[PDB]
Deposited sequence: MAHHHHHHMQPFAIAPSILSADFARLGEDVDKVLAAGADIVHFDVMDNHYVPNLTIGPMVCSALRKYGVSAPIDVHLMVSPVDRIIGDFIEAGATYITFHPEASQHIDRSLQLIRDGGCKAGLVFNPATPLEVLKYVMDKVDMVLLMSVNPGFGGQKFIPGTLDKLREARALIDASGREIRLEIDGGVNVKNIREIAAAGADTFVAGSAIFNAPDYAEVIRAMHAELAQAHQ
């Protein structure tokens, strides 16, 4: 397996939006690697979350950690420009949400960001065949985004995705989001995931550091 170093990406949807900078500082001080950014436009999913200004506010506040913007929006091209200027690090989108996937991935790369494709539980991986050189991260949803129980079939899709990336020779992260907890993160990594989104499991816990410490402990006795 030509994987990448493990990374924990809390989704700030579970964070305190009245004290966002403080809450992000606390989870990063607790050892988190990536700030995960769930953007919903009330159309691709039945919910509306936060826009590029929140990414801007985090950068102006001092957050230099990588910000991983997951676009659950459609169409994607215009708002991609705003997240590039707002300081996003990763920009990922669903292939179903863009009429021209290649041009959309190229738009992110030409902005200096790392680009990715997000796969709904039912979405097959076939669309990756002709954009392998243009995706830096692959996100598999283990729940239906925007609507809370881990879909077990995702483990098979994680293993298929890990195989596809390994045979490409390119450095591509395998990200997972949806029902990720301490009790299953060991099994999830064994399927081939190297980038882990957790939300409630971290931000709603009484101690962020122990939970992250518990996750990394399980991740070591996983591979």
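Undergrad: What stretches of this chain's deposited sequence are missing C-alpha coordinates?
TA: Unobserved in coordinates, per deposited numbering: 1-6, 154-155, 232.
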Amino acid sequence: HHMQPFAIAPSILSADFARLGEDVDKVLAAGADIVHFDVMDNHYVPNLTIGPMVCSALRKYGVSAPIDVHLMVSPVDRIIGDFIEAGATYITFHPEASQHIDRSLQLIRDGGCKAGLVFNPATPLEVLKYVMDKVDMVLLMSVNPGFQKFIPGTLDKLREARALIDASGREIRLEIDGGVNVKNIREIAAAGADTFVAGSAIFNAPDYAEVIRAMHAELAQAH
From here on, numbers count along this sequence of modelled residues.
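Undergrad: When the C-alpha temperature factors are averaged for each of 47-55 and 29-37, which stretch ends up with the higher value in the entry?
TA: The deposited B-factors put 29-37 ahead on the C-alpha mean.
Undergrad: If you average the CA temperature factors over each stretch, which comes out higher, 148-156 or 109-117?
TA: According to the entry, 148-156 carries the higher average C-alpha B-factor.
Undergrad: How does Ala193 rank on Cα B-factor within its chain, lowest, middle or highest third?
TA: Highest third of the chain for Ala193's C-alpha B-factor.
Undergrad: Tell me, lowest, middle or highest third: where does the Cα B factor of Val69 rank within its chain?
TA: It falls in the bottom third of the chain.
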